[PDB]
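Take a look at this single chain, the form deposited in one PDB entry, given in C-alpha cells.
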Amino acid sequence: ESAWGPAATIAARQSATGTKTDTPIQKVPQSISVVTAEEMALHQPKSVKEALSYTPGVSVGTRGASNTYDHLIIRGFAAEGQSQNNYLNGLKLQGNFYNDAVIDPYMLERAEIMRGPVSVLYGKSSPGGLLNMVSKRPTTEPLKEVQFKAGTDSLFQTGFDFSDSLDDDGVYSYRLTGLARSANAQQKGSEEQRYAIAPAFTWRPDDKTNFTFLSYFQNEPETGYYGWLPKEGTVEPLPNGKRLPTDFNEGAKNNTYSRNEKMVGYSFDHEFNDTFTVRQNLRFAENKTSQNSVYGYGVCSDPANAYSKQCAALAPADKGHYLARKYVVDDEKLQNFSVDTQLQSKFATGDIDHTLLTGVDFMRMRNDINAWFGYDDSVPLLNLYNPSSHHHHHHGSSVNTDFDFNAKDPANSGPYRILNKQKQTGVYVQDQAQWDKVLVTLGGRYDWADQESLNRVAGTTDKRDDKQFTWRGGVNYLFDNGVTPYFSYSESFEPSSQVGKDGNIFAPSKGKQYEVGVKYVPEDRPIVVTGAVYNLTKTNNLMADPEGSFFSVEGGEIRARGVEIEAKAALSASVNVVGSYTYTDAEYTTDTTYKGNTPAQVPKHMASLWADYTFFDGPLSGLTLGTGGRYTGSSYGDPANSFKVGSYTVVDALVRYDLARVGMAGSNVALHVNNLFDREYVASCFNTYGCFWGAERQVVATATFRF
C-alpha cells in the first residue's frame, strides 16, 4: 500500500498526510483518518464533505443540505470567516471570501483528514484541522469505467474514469476522470450543476523517477442553495405553532450562484540512491465565482433586525412571523500557485534508523472581489405565516418572486470591493528516528506569511508580514501484538485578516494540543482501530471589545478537549465494518461576551456505525446489503447559546449486485438511500437567523461499468 494510491480494504495502513513521508498509520503520532475510494463508492457522496460522516471529530452539516462548500468543523474549530482549509496533494487550495474551490469525490483516490495542529508541516492553519484529497492517478492495468447516476430531486450524473499506458513498459501512462451531474436542490427553485474533468499523466523514465501531471478543470453554472432561515420556523415553532417546510426557499426567484475552477500542476519523486529521495509538488490554479443572491435575516422580532424599518412597521406582535431579507451580488477571481519541495534522508547511527525530512513550502494567493451587499430593508420582507399544511404534505412551498440586483440603491446598499493578497514560505525539518519498537517522531517548521489587502472603495491598504514557528514531538510504541501506543505534542498558527482599532492587522492566533492514544494495526488482518483523547487550545482569539466599539479585541482563548475513536475492518470477504464515536468539549476560557459557552454548530456527542455484507454463495451471490447510521447530539445554535439545535440520527443503507452474472465482471448496479426514514432535522444554526434544514431522504440509482 502507498500513501498516494489505493488500499485494498477501507483500512489503509499507509498515509503521508501526517509526516510527509509514506508511513504506517500506527507509526504516525497524530490522529489521522483515511476514507478510501472504496468507502466512497459505497455511499456515492455528493461531496468530499458528505464522504465524511463516519469520521470522528468532524461535522458536515454546518450548512445542512447545502453543498456549495466543503466547509468542515474539525475538533470544534474551523478557518476564520467561513473559509475552508482544504488541501489537494500536500498543497493547500487557498481561497478567500466566497472564493473556495471543491474537488468532486469521483476524481479522488482517497480523502484524508488530520485532526489537531498541522502547521508543523503546512504552515498557517486553523487549530486542529486539515483535509487533504488525493487526485486519482494512472492505474497499473487499464481502467475503462462509465458510471450512470439517477436519483430523487431529478439527479442525473454521467461520468467516466479511464487509465492506460502508451508503451508496454509503462514509462508513459495516464488517466482521465470526468462527470456531468445535474439536479434540483432540496430548496424549491434552486439548482445544482457541475461539469468536471481531471487529466493526469505519469512519466516513469525507469523505477526511481516519477512525474505525475495532475490537472482538474471544473465548471458550475448553478451551485444550489446557500441561504439562512430563522430559528423561528425551523428549530422553534413559528407563532402559529407551524414550522417552515424542509424544502422552503427564502431567496429571490432569480437567485444565481456560479464557480469556475482551472488548475494544472504535478507531483514528482525521484530516488537517487539508498539514502536520498527528492519530491516536489506543484500546482497553479485560477478560480472564479459570481452570484446574485437574496439570503435571509431572522424574523422581524429578531434582535438583528432591530433597526429594520419595514420590520418596525408591523403590529408589535406581528414581527415574530415576518422575515427580513438582505442580498448580495458577488463576482470574484483568484490565482493560487503553490510548490512544496522536500528531501528525505534515510540513514542510521548505531541502531537508530533515520528518516529525516527537510523542505521548503511556498505559495501565494491573490483574490479580486467586486460585490454589492443589501443591508436593512434592502429587500421586501416575507410573510412566513403562509407555509402551513398545504405547503408541507399536499405539496411544497412556492418560489417567491424575482428581485432587482441591477438597481443597487444607495439607501439599502453599497459596494464592496477588495483585493486580498496572500503569500507564505516556510521551511521545516522532521526526523522519523526508529530505534527498534520505539518509533519517535520529531520536527518543526518556520513560516513567513505576509498578507496585503487593498480596499477599492475606501482606498486603503492594510498589510502584515507574519513570521511564525511551529514544532511537533511524539512517540509511538510498536508492539508486535498489533497495538501501537502513542502520544504527542503539536502546535499551529493562523493569521488574522482583521484590523484593530489601532488600524492594524491583529497578530495571529495559535494552537497548542496535547494528545495520547492507541493504534491497533495488526499485520495479519485488514482491520484498523484507533482511539485517542486530546486537549486542544486556541490562543489570542478575537473577542468583543471590553468597551464595546465595533472593533474586536484580541486576547480571547478557547479550549477543546475530547475523545475520538474510529474503526474500519474487513471482518470477512463478505463482512465490512466502519464506526466511530466522538466526544467533543469546546469552551471559551476567556472572552468579553461568551465564556464557558459552547461554540455554535459543534455537538458534544457524535457517533457513526456502518457495515455491509456481500453474498458469495446462496442464490444471492454478488449481492451486498449494507446500512449504517450517523448521530449528532444537541448543539448550541448561536454564540450566546440562546437556544439549542436538537440532536438527530439518520440512517443509510445500500444494495449492490455484481453484474458479472450477465457477462460483465467488475461491473455492478447499486441503490443508495440516505436519511432512510426521510427524517426532518435542523443540521444546525450558527446564529438565531441562520439555521439549516438537514438533508431530506435521498435515493440514488447507480450503474457503473468496467470494460
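Throughout, rigid core stands for the largest set of C-alpha atoms superposing within 1.5 Å between the two forms. Residue positions are given as counts along the sequence shown, with the first one as 1. Residues that one form lacks are left out of the comparison.
Below, we turn to the form deposited in another entry, even though it does not appear here.
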item	value
Core-superposed comparison between the shown form and the other one: the option from 9, 21, 687, 698 whose CA moves 2 angstroms or more	9
Direction of Cα pair change residue 14-residue 10 in the other entry, magnitude 3 angstroms or more	closer
In the other entry, whether the C-alpha atoms of residue 6 and residue 624 sit closer or farther than here (change of 3 Å or more)	closer
Taking the rigid core as reference, consecutive runs of 3 or more residues that move 2 angstroms or more in Cα between the shown form and the other one	1-11, 570-573
